[PDB]
file data.cif (mmCIF, C-alpha atoms and all ligand atoms)
data_input
loop_
_atom_site.label_atom_id
_atom_site.label_comp_id
_atom_site.auth_asym_id
_atom_site.auth_seq_id
_atom_site.Cartn_x
_atom_site.Cartn_y
_atom_site.Cartn_z
CA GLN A 10 -131.83 -54.08 -130.18
CA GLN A 11 -132.03 -56.52 -127.31
CA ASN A 12 -133.64 -53.46 -125.74
CA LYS A 13 -136.04 -53.00 -128.66
CA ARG A 14 -137.26 -56.57 -128.19
CA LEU A 15 -137.54 -55.98 -124.48
CA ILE A 16 -139.53 -52.76 -124.89
CA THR A 17 -142.18 -54.33 -127.15
CA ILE A 18 -142.41 -57.49 -125.07
CA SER A 19 -143.23 -55.17 -122.16
CA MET A 20 -145.95 -53.33 -124.08
CA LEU A 21 -147.57 -56.62 -125.13
CA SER A 22 -147.52 -57.87 -121.53
CA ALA A 23 -149.11 -54.60 -120.35
CA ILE A 24 -151.97 -54.88 -122.81
CA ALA A 25 -152.37 -58.57 -121.99
CA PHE A 26 -152.49 -57.97 -118.25
CA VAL A 27 -155.16 -55.35 -118.89
CA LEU A 28 -157.32 -57.64 -121.08
CA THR A 29 -156.91 -60.11 -118.26
CA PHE A 30 -159.77 -58.41 -116.43
CA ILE A 31 -162.11 -58.19 -119.39
CA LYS A 32 -163.16 -61.85 -118.97
CA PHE A 33 -166.66 -63.28 -119.47
CA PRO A 34 -167.64 -66.91 -118.63
CA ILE A 35 -169.32 -68.93 -121.34
CA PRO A 36 -173.10 -69.49 -121.35
CA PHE A 37 -174.11 -73.06 -120.52
CA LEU A 38 -170.49 -73.76 -119.65
CA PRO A 39 -168.70 -73.65 -116.28
CA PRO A 40 -167.75 -70.14 -114.98
CA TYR A 41 -164.19 -70.77 -113.77
CA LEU A 42 -163.55 -70.85 -117.50
CA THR A 43 -163.80 -67.16 -118.34
CA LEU A 44 -162.17 -66.38 -121.74
CA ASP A 45 -160.20 -63.22 -122.65
CA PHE A 46 -157.91 -61.87 -125.37
CA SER A 47 -155.09 -61.72 -122.88
CA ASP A 48 -153.79 -64.39 -125.26
CA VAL A 49 -153.88 -62.53 -128.59
CA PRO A 50 -150.92 -60.28 -127.67
CA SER A 51 -149.14 -63.41 -126.45
CA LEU A 52 -149.49 -64.55 -130.09
CA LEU A 53 -148.35 -61.31 -131.69
CA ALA A 54 -145.33 -61.61 -129.40
CA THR A 55 -144.59 -65.12 -130.67
CA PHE A 56 -145.10 -64.42 -134.38
CA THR A 57 -142.84 -61.39 -134.03
CA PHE A 58 -140.04 -62.71 -131.80
CA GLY A 59 -139.44 -66.16 -130.38
CA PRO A 60 -142.01 -68.53 -129.04
CA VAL A 61 -139.92 -67.61 -125.97
CA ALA A 62 -141.01 -64.01 -126.46
CA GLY A 63 -144.52 -65.44 -126.62
CA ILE A 64 -144.18 -67.43 -123.42
CA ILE A 65 -142.79 -64.44 -121.57
CA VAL A 66 -146.02 -62.64 -122.41
CA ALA A 67 -148.50 -65.39 -121.50
CA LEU A 68 -146.51 -65.81 -118.30
CA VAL A 69 -146.21 -62.19 -117.07
CA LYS A 70 -149.90 -61.60 -117.81
CA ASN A 71 -150.83 -64.60 -115.68
CA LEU A 72 -148.60 -63.69 -112.72
CA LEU A 73 -150.00 -60.24 -112.33
CA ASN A 74 -153.55 -61.57 -112.71
CA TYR A 75 -152.64 -64.01 -109.95
CA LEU A 76 -151.70 -61.53 -107.23
CA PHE A 77 -154.71 -59.32 -107.99
CA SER A 78 -157.60 -61.57 -109.24
CA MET A 79 -156.43 -63.92 -106.43
CA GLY A 80 -158.98 -66.22 -104.79
CA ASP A 81 -158.44 -68.29 -107.93
CA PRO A 82 -154.83 -69.49 -107.47
CA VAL A 83 -155.22 -72.14 -110.18
CA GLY A 84 -157.17 -70.35 -112.90
CA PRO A 85 -154.06 -68.28 -113.62
CA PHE A 86 -152.17 -71.52 -114.11
CA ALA A 87 -154.65 -73.18 -116.48
CA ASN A 88 -154.76 -69.96 -118.52
CA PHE A 89 -150.99 -70.08 -118.82
CA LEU A 90 -150.92 -73.75 -119.80
CA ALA A 91 -153.49 -73.29 -122.57
CA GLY A 92 -151.77 -70.14 -123.76
CA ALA A 93 -148.35 -71.78 -123.93
CA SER A 94 -149.33 -75.18 -125.31
CA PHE A 95 -151.33 -73.55 -128.08
CA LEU A 96 -148.84 -70.78 -128.89
CA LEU A 97 -146.03 -73.32 -128.82
CA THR A 98 -147.49 -75.82 -131.26
CA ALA A 99 -148.91 -73.08 -133.49
CA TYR A 100 -145.40 -71.73 -133.81
CA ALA A 101 -144.06 -75.27 -134.07
CA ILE A 102 -146.03 -75.35 -137.33
CA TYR A 103 -145.78 -71.87 -138.87
CA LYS A 104 -142.07 -72.38 -138.10
CA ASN A 105 -141.39 -74.80 -140.98
CA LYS A 106 -141.89 -74.36 -144.74
CA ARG A 107 -143.58 -71.15 -145.97
CA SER A 108 -146.06 -68.88 -144.20
CA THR A 109 -149.76 -68.10 -144.39
CA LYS A 110 -151.13 -71.54 -145.21
CA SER A 111 -148.85 -72.66 -142.40
CA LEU A 112 -149.92 -69.97 -139.91
CA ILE A 113 -153.60 -70.83 -140.19
CA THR A 114 -153.08 -74.57 -140.03
CA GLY A 115 -150.76 -73.89 -137.09
CA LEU A 116 -153.73 -72.29 -135.38
CA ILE A 117 -156.02 -75.24 -136.17
CA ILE A 118 -153.61 -77.86 -134.81
CA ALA A 119 -152.82 -75.36 -132.08
CA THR A 120 -156.38 -75.33 -130.68
CA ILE A 121 -156.57 -79.10 -131.13
CA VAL A 122 -153.41 -79.62 -129.03
CA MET A 123 -154.53 -77.08 -126.46
CA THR A 124 -157.88 -78.85 -126.07
CA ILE A 125 -156.29 -82.29 -125.75
CA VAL A 126 -153.51 -81.36 -123.36
CA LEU A 127 -155.87 -79.28 -121.25
CA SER A 128 -158.70 -81.75 -121.03
CA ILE A 129 -155.92 -84.09 -119.83
CA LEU A 130 -154.30 -81.85 -117.16
CA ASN A 131 -157.84 -80.88 -116.29
CA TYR A 132 -158.33 -84.47 -115.12
CA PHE A 133 -155.78 -83.59 -112.41
CA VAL A 134 -156.42 -79.83 -112.00
CA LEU A 135 -160.21 -79.65 -111.75
CA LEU A 136 -159.64 -81.35 -108.39
CA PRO A 137 -157.40 -78.57 -107.02
CA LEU A 138 -160.02 -75.99 -108.11
CA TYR A 139 -161.99 -77.79 -105.51
CA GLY A 140 -159.21 -77.20 -103.00
CA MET A 141 -159.23 -73.51 -103.92
CA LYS A 153 -166.90 -84.63 -113.15
CA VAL A 154 -166.46 -86.25 -116.57
CA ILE A 155 -169.55 -84.37 -117.68
CA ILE A 156 -167.58 -81.41 -116.35
CA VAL A 157 -164.75 -82.21 -118.75
CA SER A 158 -167.44 -82.07 -121.46
CA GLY A 159 -168.21 -78.57 -120.35
CA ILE A 160 -164.42 -78.02 -120.47
CA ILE A 161 -163.72 -79.14 -124.01
CA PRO A 162 -166.50 -77.20 -125.70
CA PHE A 163 -164.88 -74.20 -124.00
CA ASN A 164 -161.30 -74.90 -125.09
CA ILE A 165 -162.51 -75.25 -128.67
CA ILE A 166 -164.11 -71.81 -128.77
CA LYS A 167 -161.07 -70.23 -127.13
CA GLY A 168 -158.85 -71.87 -129.73
CA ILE A 169 -161.01 -70.69 -132.60
CA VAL A 170 -161.86 -67.20 -131.41
CA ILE A 171 -158.37 -66.25 -130.28
CA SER A 172 -157.30 -67.45 -133.71
CA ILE A 173 -159.82 -65.36 -135.54
CA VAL A 174 -158.96 -62.24 -133.58
CA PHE A 175 -155.22 -62.85 -133.78
CA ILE A 176 -155.51 -63.38 -137.46
CA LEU A 177 -157.41 -60.18 -138.06
CA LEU A 178 -154.91 -58.04 -136.14
CA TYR A 179 -151.83 -59.76 -137.48
CA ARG A 180 -153.30 -58.89 -140.87
CA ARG A 181 -153.75 -55.23 -139.99
CA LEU A 182 -150.00 -55.18 -139.54
CA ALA A 183 -149.49 -55.05 -143.33
CA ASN A 184 -150.44 -51.37 -143.09
CA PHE A 185 -147.08 -49.80 -142.33
CA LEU A 186 -145.34 -53.08 -141.79
CA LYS A 187 -144.82 -52.02 -145.42
CA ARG A 188 -147.52 -49.82 -147.02
CA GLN B 10 -130.83 -63.95 -116.75
CA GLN B 11 -131.21 -61.31 -119.41
CA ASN B 12 -134.63 -62.95 -119.58
CA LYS B 13 -135.16 -62.64 -115.81
CA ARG B 14 -134.55 -58.90 -116.06
CA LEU B 15 -136.85 -58.71 -119.03
CA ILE B 16 -139.63 -60.61 -117.27
CA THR B 17 -139.68 -58.32 -114.23
CA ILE B 18 -139.34 -55.16 -116.30
CA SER B 19 -142.49 -56.33 -118.09
CA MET B 20 -144.39 -56.93 -114.85
CA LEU B 21 -143.47 -53.46 -113.58
CA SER B 22 -144.59 -51.89 -116.85
CA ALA B 23 -147.91 -53.75 -116.64
CA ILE B 24 -148.62 -52.49 -113.14
CA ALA B 25 -147.53 -49.00 -114.13
CA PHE B 26 -149.76 -48.90 -117.19
CA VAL B 27 -152.63 -49.99 -114.95
CA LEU B 28 -152.00 -47.30 -112.30
CA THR B 29 -151.89 -44.92 -115.24
CA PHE B 30 -155.70 -44.75 -115.18
CA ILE B 31 -156.03 -44.28 -111.45
CA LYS B 32 -155.25 -40.55 -111.75
CA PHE B 33 -156.82 -37.71 -109.77
CA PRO B 34 -156.18 -33.97 -110.46
CA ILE B 35 -155.08 -31.81 -107.56
CA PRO B 36 -157.51 -29.52 -105.72
CA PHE B 37 -156.94 -25.84 -106.40
CA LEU B 38 -154.42 -26.82 -109.04
CA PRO B 39 -154.85 -27.28 -112.81
CA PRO B 40 -156.51 -30.56 -113.95
CA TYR B 41 -154.21 -31.54 -116.85
CA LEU B 42 -151.89 -32.33 -113.98
CA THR B 43 -153.43 -35.56 -112.64
CA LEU B 44 -150.96 -37.52 -110.44
CA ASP B 45 -150.60 -41.32 -110.23
CA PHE B 46 -148.28 -44.00 -108.88
CA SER B 47 -147.53 -45.10 -112.41
CA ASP B 48 -144.14 -43.76 -111.33
CA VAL B 49 -143.46 -45.83 -108.20
CA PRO B 50 -142.86 -49.06 -110.18
CA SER B 51 -140.67 -47.02 -112.50
CA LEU B 52 -138.57 -46.41 -109.36
CA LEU B 53 -138.55 -50.02 -108.16
CA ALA B 54 -137.33 -50.85 -111.64
CA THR B 55 -134.48 -48.36 -111.37
CA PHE B 56 -133.36 -49.28 -107.84
CA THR B 57 -133.35 -52.94 -108.88
CA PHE B 58 -131.78 -52.79 -112.36
CA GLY B 59 -130.37 -49.89 -114.33
CA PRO B 60 -131.74 -46.41 -114.50
CA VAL B 61 -132.20 -47.74 -118.07
CA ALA B 62 -134.50 -50.40 -116.64
CA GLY B 63 -136.26 -47.52 -114.94
CA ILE B 64 -136.62 -45.47 -118.11
CA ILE B 65 -137.99 -48.45 -120.01
CA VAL B 66 -140.80 -48.61 -117.45
CA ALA B 67 -141.70 -44.90 -117.35
CA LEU B 68 -141.62 -45.00 -121.13
CA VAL B 69 -143.76 -48.10 -121.86
CA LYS B 70 -146.34 -46.95 -119.31
CA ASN B 71 -146.59 -43.59 -121.06
CA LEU B 72 -146.88 -45.00 -124.60
CA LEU B 73 -149.77 -47.27 -123.81
CA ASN B 74 -151.49 -44.45 -121.87
CA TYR B 75 -151.02 -42.36 -125.00
CA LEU B 76 -152.89 -44.57 -127.47
CA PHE B 77 -155.76 -45.13 -125.06
CA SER B 78 -156.15 -42.00 -122.84
CA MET B 79 -155.55 -40.10 -126.13
CA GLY B 80 -157.08 -36.65 -126.56
CA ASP B 81 -154.15 -35.59 -124.40
CA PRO B 82 -151.16 -36.21 -126.74
CA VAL B 83 -148.82 -34.14 -124.57
CA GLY B 84 -149.77 -35.17 -121.03
CA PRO B 85 -148.16 -38.55 -121.71
CA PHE B 86 -144.96 -36.72 -122.63
CA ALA B 87 -144.77 -34.46 -119.59
CA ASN B 88 -145.43 -37.49 -117.35
CA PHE B 89 -142.49 -39.22 -119.00
CA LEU B 90 -140.17 -36.23 -118.66
CA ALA B 91 -140.92 -35.81 -114.95
CA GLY B 92 -140.63 -39.55 -114.36
CA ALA B 93 -137.25 -39.78 -116.12
CA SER B 94 -135.64 -36.58 -114.89
CA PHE B 95 -136.53 -37.46 -111.32
CA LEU B 96 -135.67 -41.15 -111.51
CA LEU B 97 -132.44 -40.29 -113.30
CA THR B 98 -131.07 -37.80 -110.80
CA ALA B 99 -132.34 -39.82 -107.83
CA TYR B 100 -130.30 -42.70 -109.13
CA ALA B 101 -127.49 -40.33 -110.04
CA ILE B 102 -127.28 -39.81 -106.27
CA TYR B 103 -128.02 -43.17 -104.62
CA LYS B 104 -125.46 -44.40 -107.20
CA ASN B 105 -122.38 -43.06 -105.38
CA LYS B 106 -121.10 -43.78 -101.85
CA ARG B 107 -123.29 -45.92 -99.53
CA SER B 108 -127.07 -46.45 -99.53
CA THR B 109 -130.02 -45.37 -97.42
CA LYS B 110 -128.94 -41.85 -96.48
CA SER B 111 -128.13 -41.54 -100.16
CA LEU B 112 -131.42 -43.00 -101.41
CA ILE B 113 -133.55 -40.52 -99.46
CA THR B 114 -131.43 -37.51 -100.34
CA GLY B 115 -131.53 -38.75 -103.93
CA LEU B 116 -135.29 -38.47 -103.71
CA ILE B 117 -135.11 -34.94 -102.27
CA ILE B 118 -132.78 -33.61 -104.99
CA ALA B 119 -134.76 -35.79 -107.40
CA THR B 120 -138.02 -33.90 -106.81
CA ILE B 121 -136.10 -30.60 -106.81
CA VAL B 122 -134.60 -31.34 -110.24
CA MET B 123 -137.90 -32.63 -111.61
CA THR B 124 -139.66 -29.44 -110.48
CA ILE B 125 -137.01 -27.15 -111.98
CA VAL B 126 -136.64 -28.95 -115.29
CA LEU B 127 -140.38 -29.31 -115.68
CA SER B 128 -141.32 -25.78 -114.75
CA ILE B 129 -138.79 -24.92 -117.46
CA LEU B 130 -140.02 -27.23 -120.26
CA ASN B 131 -143.49 -26.22 -119.15
CA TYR B 132 -142.66 -22.71 -120.37
CA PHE B 133 -142.57 -24.29 -123.84
CA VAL B 134 -145.07 -27.17 -123.40
CA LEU B 135 -148.02 -25.49 -121.70
CA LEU B 136 -148.42 -23.79 -125.07
CA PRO B 137 -148.83 -27.06 -127.01
CA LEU B 138 -151.43 -28.19 -124.43
CA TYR B 139 -153.26 -25.30 -125.91
CA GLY B 140 -152.78 -26.77 -129.39
CA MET B 141 -154.14 -30.09 -128.09
CA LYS B 153 -149.74 -18.18 -117.78
CA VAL B 154 -146.96 -17.49 -115.30
CA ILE B 155 -149.57 -17.79 -112.58
CA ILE B 156 -150.23 -21.10 -114.31
CA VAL B 157 -146.61 -22.13 -113.75
CA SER B 158 -147.30 -21.38 -110.06
CA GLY B 159 -150.09 -23.85 -110.20
CA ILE B 160 -147.55 -26.16 -111.91
CA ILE B 161 -144.75 -26.06 -109.37
CA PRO B 162 -146.88 -26.66 -106.26
CA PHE B 163 -147.99 -29.80 -108.16
CA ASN B 164 -144.53 -31.07 -109.11
CA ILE B 165 -143.48 -30.72 -105.46
CA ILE B 166 -146.27 -32.94 -104.14
CA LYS B 167 -145.63 -35.54 -106.86
CA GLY B 168 -141.94 -35.61 -105.95
CA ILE B 169 -142.66 -35.98 -102.24
CA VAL B 170 -145.55 -38.41 -102.42
CA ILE B 171 -144.07 -40.75 -105.01
CA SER B 172 -141.01 -40.72 -102.78
CA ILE B 173 -142.94 -41.58 -99.68
CA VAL B 174 -144.79 -44.39 -101.41
CA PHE B 175 -141.70 -45.71 -103.15
CA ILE B 176 -139.85 -45.64 -99.90
CA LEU B 177 -142.48 -47.59 -98.02
CA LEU B 178 -142.66 -50.35 -100.66
CA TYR B 179 -138.95 -50.52 -101.25
CA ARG B 180 -138.77 -51.10 -97.50
CA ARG B 181 -141.30 -53.92 -97.57
CA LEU B 182 -138.84 -55.70 -99.82
CA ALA B 183 -136.69 -56.61 -96.80
CA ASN B 184 -139.28 -59.30 -96.05
CA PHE B 185 -137.97 -62.14 -98.17
CA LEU B 186 -135.39 -60.05 -99.94
CA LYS B 187 -133.75 -61.78 -96.95
CA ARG B 188 -135.99 -62.63 -93.95
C1 LIG C 1 -160.36 -74.65 -112.65
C2 LIG C 1 -159.99 -73.79 -113.81
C3 LIG C 1 -159.87 -74.38 -115.05
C4 LIG C 1 -159.53 -73.61 -116.14
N1 LIG C 1 -159.42 -74.25 -117.35
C5 LIG C 1 -159.09 -73.52 -118.46
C6 LIG C 1 -159.00 -74.20 -119.66
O1 LIG C 1 -159.21 -75.41 -119.67
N2 LIG C 1 -158.67 -73.51 -120.80
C7 LIG C 1 -158.43 -72.16 -120.75
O2 LIG C 1 -158.13 -71.57 -121.78
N3 LIG C 1 -158.53 -71.48 -119.55
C8 LIG C 1 -158.86 -72.15 -118.39
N4 LIG C 1 -158.98 -71.49 -117.17
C9 LIG C 1 -158.69 -70.00 -117.10
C10 LIG C 1 -159.82 -69.05 -116.72
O3 LIG C 1 -160.46 -68.70 -117.92
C11 LIG C 1 -159.13 -67.85 -116.07
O4 LIG C 1 -157.95 -68.31 -115.46
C12 LIG C 1 -159.89 -67.02 -115.02
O5 LIG C 1 -158.98 -66.13 -114.38
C13 LIG C 1 -160.58 -67.85 -113.94
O6 LIG C 1 -161.40 -67.02 -113.13
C14 LIG C 1 -159.30 -72.23 -116.03
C15 LIG C 1 -159.43 -71.64 -114.78
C16 LIG C 1 -159.77 -72.42 -113.68
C17 LIG C 1 -159.90 -71.77 -112.33
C1 LIG C 2 -150.03 -29.70 -120.38
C2 LIG C 2 -149.62 -30.80 -119.46
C3 LIG C 2 -148.64 -30.54 -118.52
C4 LIG C 2 -148.23 -31.54 -117.66
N1 LIG C 2 -147.26 -31.24 -116.74
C5 LIG C 2 -146.83 -32.21 -115.86
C6 LIG C 2 -145.84 -31.87 -114.94
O1 LIG C 2 -145.39 -30.73 -114.95
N2 LIG C 2 -145.38 -32.81 -114.05
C7 LIG C 2 -145.89 -34.09 -114.05
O2 LIG C 2 -145.46 -34.91 -113.23
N3 LIG C 2 -146.88 -34.43 -114.96
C8 LIG C 2 -147.36 -33.50 -115.88
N4 LIG C 2 -148.37 -33.82 -116.80
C9 LIG C 2 -148.91 -35.24 -116.83
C10 LIG C 2 -150.33 -35.53 -116.37
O3 LIG C 2 -150.27 -35.71 -114.97
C11 LIG C 2 -150.78 -36.84 -117.04
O4 LIG C 2 -149.80 -37.23 -117.97
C12 LIG C 2 -152.17 -36.92 -117.73
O5 LIG C 2 -152.14 -37.91 -118.75
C13 LIG C 2 -152.69 -35.60 -118.32
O6 LIG C 2 -154.09 -35.66 -118.55
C14 LIG C 2 -148.79 -32.83 -117.70
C15 LIG C 2 -149.78 -33.08 -118.66
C16 LIG C 2 -150.19 -32.07 -119.53
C17 LIG C 2 -151.25 -32.35 -120.55
#

call {"tool": "encode", "arguments": {"input": "data.cif", "output": "structure tokens"}}
result
Amino acid sequence: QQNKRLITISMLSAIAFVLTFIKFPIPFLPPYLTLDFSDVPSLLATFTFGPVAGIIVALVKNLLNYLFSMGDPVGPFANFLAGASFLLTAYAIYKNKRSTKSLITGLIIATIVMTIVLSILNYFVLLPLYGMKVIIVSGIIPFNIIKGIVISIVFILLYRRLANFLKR
Amino acid sequence: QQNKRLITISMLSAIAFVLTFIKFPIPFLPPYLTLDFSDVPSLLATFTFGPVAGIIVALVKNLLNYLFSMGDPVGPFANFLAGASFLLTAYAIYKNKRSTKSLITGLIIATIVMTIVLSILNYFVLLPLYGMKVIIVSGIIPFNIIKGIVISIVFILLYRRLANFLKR
């Protein structure tokens, strides 16, 4: 039971960690911003268990990616922050009344939050990925948008294909 | 707490799943027997939490490997059985009185069990990896032995290098 939740959380983290390495920077946009579906399983986790289940996934994926894809000891962090802010608000919307109309709108406000909060913390995190400008933040945002959207599209498709033997 | 256990179990499963693909059949021995350290983290899991924590890891690693490295819908199973039999007895030895002397001997009896039980179930599982002879079982055993040993050596080294800031 508790163990059933734990087992699946683990599987989702495994797949996420994997997809962590299938990253591919965006044309015309900065390359420290890479983009992967290490976040889609984070979302299946959250719309199956808690948002806490979700956060566990975004978090474990990022830690592992840290040790290994090291040399970028911040990138991991930004990827977590986006993951969690977005998954949190998106759940903090699909949470309330009803479902599907709510899920999708939860994803739209989700990417909007994510982009805001991250363009903010990016004006106090782009600096430490010097350790390891405004025009830079307007290479940032365009990115965040597409991540929001695309993760949403992919998530949505798969979450759909759960109807299969979720029932039928 | 419960969540701390769950987090680390997840990390260990992620690393295991990964190491699942770094496999490399043994010279002079059959090639459906591949050999990987997808089992070492299973062991760190068990000598840190339950043997149940251990089994969760050997199990999640094998499931994922199933879906993906499919085409071998039995290999996954045999890898689980070895993993669990060995990790189980090895813990069912380091469990009792004292530690280190017990840990190592737990690994010795562990590989001896694993080899026995698997050469057994292999005389009623080599057949279904036709679906998907005695001389074959004496390409099997020599394998099982080296897996026991080598996993043990590797496990032992790493488990050691936990002294670092496990304390100092
Ligand atoms: C400086 C820096 C900024 C990042 N900003 C974002 C971001 O704003 N949104 C996002 O989804 N991922 C972001 N990432 C994550 C990036 O896609 C991923 O962590 C890669 O591992 C970086 O190589 C950022 C990474 C770095 C290093
Ligand atoms: C027919 C068959 C027998 C196997 N026997 C063993 C075994 O005896 N011991 C072991 O540790 N792994 C065994 N494996 C696991 C193998 O190393 C791994 O799971 C690969 O996925 C097989 O291609 C076996 C796999 C197959 C297909």

call {"tool": "atom_distance", "arguments": {"input": "data.cif", "atom1": "CA of residue 24 in chain A", "atom2": "CA of residue 78 in chain B"}}
result
13.5 Å

call {"tool": "closest_atom_pairs", "arguments": {"input": "data.cif", "of": "chain B", "to": "ligand LIG 2 (chain C)", "cutoff": "6 Å", "atoms": "only C-alpha atoms and all ligand atoms", "output": "tab-separated table"}}
result
residue	atom	partner	partner_atom	distance
B:41	CA	C:LIG2	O6	4.5
B:42	CA	C:LIG2	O3	3.9
B:43	CA	C:LIG2	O3	3.9
B:44	CA	C:LIG2	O3	4.9
B:81	CA	C:LIG2	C17	5.8
B:83	CA	C:LIG2	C17	5.0
B:84	CA	C:LIG2	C15	3.2
B:85	CA	C:LIG2	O4	4.3
B:87	CA	C:LIG2	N4	4.6
B:88	CA	C:LIG2	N3	4.1
B:91	CA	C:LIG2	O2	4.9
B:127	CA	C:LIG2	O1	5.3
B:135	CA	C:LIG2	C1	4.8
B:138	CA	C:LIG2	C1	4.5
B:160	CA	C:LIG2	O1	5.9
B:164	CA	C:LIG2	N2	5.3

call {"tool": "atom_distance", "arguments": {"input": "data.cif", "atom1": "CA of residue 112 in chain A", "atom2": "atom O1 of ligand LIG 1 (chain C)"}}
result
22.9 Å

call {"tool": "closest_residue", "arguments": {"input": "data.cif", "among": "A:117, A:171, A:72, A:166", "to": "residue 26 in chain A", "atoms": "all atoms listed in the file"}}
result
A:72

call {"tool": "atom_distance", "arguments": {"input": "data.cif", "atom1": "CA of residue 31 in chain A", "atom2": "CA of residue 48 in chain A"}}
result
11.9 Å

call {"tool": "closest_residue", "arguments": {"input": "data.cif", "among": "A:122, A:66, A:97, A:116", "to": "chain B", "atoms": "all atoms listed in the file"}}
result
A:66

call {"tool": "closest_atom_pairs", "arguments": {"input": "data.cif", "of": "chain B", "to": "chain A", "cutoff": "9 Å", "atoms": "only C-alpha atoms", "output": "CSV"}}
result
residue,atom,partner,partner_atom,distance
B:12,CA,A:65,CA,8.5
B:15,CA,A:15,CA,6.1
B:16,CA,A:65,CA,6.6
B:17,CA,A:69,CA,8.1
B:18,CA,A:19,CA,7.0
B:19,CA,A:19,CA,4.3
B:20,CA,A:69,CA,6.0
B:21,CA,A:19,CA,8.8
B:22,CA,A:23,CA,6.3
B:23,CA,A:23,CA,4.0
B:24,CA,A:23,CA,7.5
B:25,CA,A:23,CA,8.5
B:26,CA,A:23,CA,6.5
B:27,CA,A:27,CA,7.1
B:65,CA,A:16,CA,6.7
B:66,CA,A:19,CA,8.4
B:68,CA,A:16,CA,8.9
B:69,CA,A:20,CA,6.1
B:70,CA,A:20,CA,8.0
B:72,CA,A:20,CA,8.4
B:73,CA,A:20,CA,7.2

call {"tool": "closest_residue", "arguments": {"input": "data.cif", "among": "B:74, B:114, B:94, B:128", "to": "residue 47 in chain B", "atoms": "all atoms listed in the file"}}
result
B:74

call {"tool": "closest_residue", "arguments": {"input": "data.cif", "among": "A:155, A:183, A:134, A:121", "to": "ligand LIG 1 (chain C)", "atoms": "all atoms listed in the file"}}
result
A:134
